[PDB]
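A short write-up of the structure that comes next.
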Amino acid sequence: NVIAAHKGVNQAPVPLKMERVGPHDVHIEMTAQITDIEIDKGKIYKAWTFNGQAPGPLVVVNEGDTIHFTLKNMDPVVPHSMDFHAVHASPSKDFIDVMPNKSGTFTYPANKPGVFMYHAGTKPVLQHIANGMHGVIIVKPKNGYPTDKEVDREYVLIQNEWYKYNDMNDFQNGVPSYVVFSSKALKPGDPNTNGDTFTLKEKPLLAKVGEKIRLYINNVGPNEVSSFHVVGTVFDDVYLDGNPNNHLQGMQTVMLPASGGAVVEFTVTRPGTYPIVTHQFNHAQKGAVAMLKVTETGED
Amino acid sequence: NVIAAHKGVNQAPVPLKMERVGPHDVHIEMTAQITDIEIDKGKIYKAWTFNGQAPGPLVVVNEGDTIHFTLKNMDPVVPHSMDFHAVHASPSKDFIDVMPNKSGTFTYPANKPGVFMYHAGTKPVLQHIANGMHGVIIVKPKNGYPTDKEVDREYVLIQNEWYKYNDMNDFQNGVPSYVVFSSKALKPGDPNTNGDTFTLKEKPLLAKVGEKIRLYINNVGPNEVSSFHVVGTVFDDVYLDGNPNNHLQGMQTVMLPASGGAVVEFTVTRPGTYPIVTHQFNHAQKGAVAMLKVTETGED
Amino acid sequence: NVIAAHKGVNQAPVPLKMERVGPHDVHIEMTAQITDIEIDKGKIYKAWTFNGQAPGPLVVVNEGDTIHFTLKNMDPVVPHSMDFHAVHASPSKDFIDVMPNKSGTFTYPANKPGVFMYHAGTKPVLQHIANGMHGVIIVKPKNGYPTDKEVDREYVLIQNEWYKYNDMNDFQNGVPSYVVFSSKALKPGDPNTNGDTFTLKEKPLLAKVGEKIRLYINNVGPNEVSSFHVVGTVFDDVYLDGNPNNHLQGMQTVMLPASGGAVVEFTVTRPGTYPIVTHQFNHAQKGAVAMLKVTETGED
Ligand SMILES: O=N[O-]
Ligand SMILES: O=N[O-]
Ligand SMILES: O=N[O-]
Ligand SMILES: [Cu+2]
Ligand SMILES: [Cu+2]
Ligand SMILES: [Cu+2]
Ligand SMILES: [Cu+2]
Ligand SMILES: [Cu+2]
Ligand SMILES: [Cu+2]
Ligand SMILES: [Cu+2]
Ligand SMILES: [Cu+2]
Ligand SMILES: [Cu+2]
């Protein structure tokens, strides 16, 4: 199922290019590209990606920012596109395909705070998402979250599935072969990883005893819902889709639809390693367990 | 799997009969009947229906109305029944079977506002729902919704699945063959369609640039949950199950359980065509994409 | 898939041992043990259990209680452990394995009110949960629920799945063979049952006409989400995860993630039998229907 023009193609990852161009305007450039990713040990997936990552690179903007987004398509044969769930846009004008070896620029506002999925909008969308063209954009609320002052440390986690390679029958009728977490960096020194079964087990996220941790999370699917849970704690506060108004307290587990996001906050009271799972345990067994290592210093 | 007495049977659809009989009392009559529906192009399903539609015809009542419901059973051999999720009733007295060629009348109050599933209660209920005996009843809140004055246009959407014809093994162990949206008319001129893979793509719902749209939605299943999302917008306000108290804001995607409902509202800011999906993309690929065409005038 | 050391093993159920040892401290002792349970008529599952029940015995504590938990492992060969979702603990110190024929004691606080899953934490956790090592701990809120004074009668229900016996491939890739409810006693005279397809149909929970019923519910999975619904009523009030702050009203159906809990309350207005389902009807057909028998006296 590897089309002829993708055989042997492995386009090196490139950094996200993003810069502020006004008090409420930002530029973002990504590149659709075909990149080999090791999704499980010994298992390479020649992913359809933004910038050579799957999920793609994290985007963070402020509520009220207009995004002037450029997609460069490095794929030699397949068109690609971008749909940000954060934005108000005309899908048939603003989320349209960019042909191989071309670029397109689209402009649209991010009016709403939260933790939004982004993904390719090219038909069949299932094929583009399943092959790796998904990611998260965070829109920071102008008025913050009411618990901001309580948070000591924060990370981003994303859940996705992987199927048999570029197999539309499997994508629409089969169980996922792997379900995985990745983490995308918010600040210098944070890990930045791809959706695989092992990295966040072997290189756990780090925290310090007694801290309140915030996670910005999204389940990008393509197909499954997520029962998000941190072992050994309870979520003090949850904001559904990251909108400050959608405020729950004391949740053991947060139900995320496909493309669903949340801001979750919890306290780690003792040193140790804390697993992070989807509690749909078939998916956890197939890769969807990350680890948080809590030490007396917060360093390894 | 087409029982002998249903071979060749295709009972013409009939309109819903409903009339108000007091300030807080309504009469409703439906007919259980066997009707061929084209669920995908070239694919006829000899559905078990209310009134020859699947999902069945929309019912709208006011909070506090008592419903005097009559079911006429036109099926030559299978008993059928009605369960409205809106009502407080004794299931073993009020949701009981009506035999072939008979009628039954049942009375019960709709005390609670919202967007409720209805379906046959005859065992096996899975068989009756999967074969098409599902629908929505809307109960309008006595005090409205706090965002009523902001809404410019409204429609009803229903999600359902279709399986291999009358195949209980597939119904309980197989993936859906199709997942579909339909729209049921609230006002004269609104579309009224059945659950199929194509009608709401080829004949999109219509709206005008700048409008706030309300959708009354329910995922009737039988089996799947729904990750309901409108491309190119964000839900300004969501009322879970259509109860005004269950008020979320700024949701990208609304998680609906099987039988779950919602009132969702969103703004369309630019001309274009806006897909409406379940973001469980295996289901979207198998039919569950509707379209909203937004024009400068709101007409086609 | 019955390991040699479990052949012929059927360890008799034993009562939960629990006692208060201070105003905010309790002792609890359980025993990991291998016990034959009839999950469907004629179908024995040699379950991995706490105390010979699956789901395990109900635990009820007060918000702010510290639990001094002892696990005795009667399994001749497999290690087992305990993870309470109620507690703040170090998973790698406090949820660790107890070897065959050994005991371990762990201490941790239940700081948060609600209806929490508990289960074994031994890897693979999917295997331990699927084989029966799941249950519920209720933590009573110090300030109650705002609707406490309206409730006439209460019960606990738990949803779980059963798969092919000890079959890891089926656990992670197959549909459940059975999906079931059980009820765990809160007060003397309440039923106390295991997850099976039939007991709560043949011996329904009892209530009286006009009562407001509270159910403490949790869907322990391992793998499925639940669309929890009581036929013939609407939930007056719902508290997600049993936290009083997470308060919804007038819900027809409550979406529970895997491990998700709730307190749900509803009124039964007429005599009759009221089914209780997950509205994912493939699961209901495979066992997940319980009954509530409502009589003029509340007795049978
Ligand atoms: O609570 N994680 O199994
Ligand atoms: O956001 N619809 O893929
Ligand atoms: O509403 N139970 O089918
Ligand atoms: Cu610009
Ligand atoms: Cu793509
Ligand atoms: Cu999307
Ligand atoms: Cu009448
Ligand atoms: Cu029927
Ligand atoms: Cu129902
Ligand atoms: Cu002690
Ligand atoms: Cu165990
Ligand atoms: Cu758990």
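The figures here come from the full heavy-atom set of this structure, side chains too, leaving out hydrogens, waters and symmetry mates. Read the numbers this way: they start at 1 and go in the same order the structure lists the ligands and their atoms. Proteins get letters first, then strands, A, B, ... in listed order; numbering begins at 1 in each.
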With the threshold set at 4.0 Å, does a side-chain nitrogen-carboxylate oxygen contact exist between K112(B) and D236(C)?
yes
Parallel, tilted or perpendicular: ring planes of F69(A) versus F106(A), cut at 30 and 60 degrees:
parallel
Rounded to 10 degrees, the angle NE2 of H27(A) makes with ND1 of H68(A) at the Cu ion (ligand 4)
90°
Over 60° means perpendicular and under 30° means parallel, so tell me whether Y108(A) and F95(A) are parallel, tilted or perpendicular.
perpendicular
Metal proximity, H279(C) vs the Cu ion (ligand 9), N/O/S cut-off 2.8 Å:
yes
Measure from the Cu ion (ligand 9) to every N/O/S atom of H119(B) and report the name of the nearest one.
NE2
Taking everything shown except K72(B) itself, do over 12 heavy atoms lie less than 6.0 Å from its NZ?
no
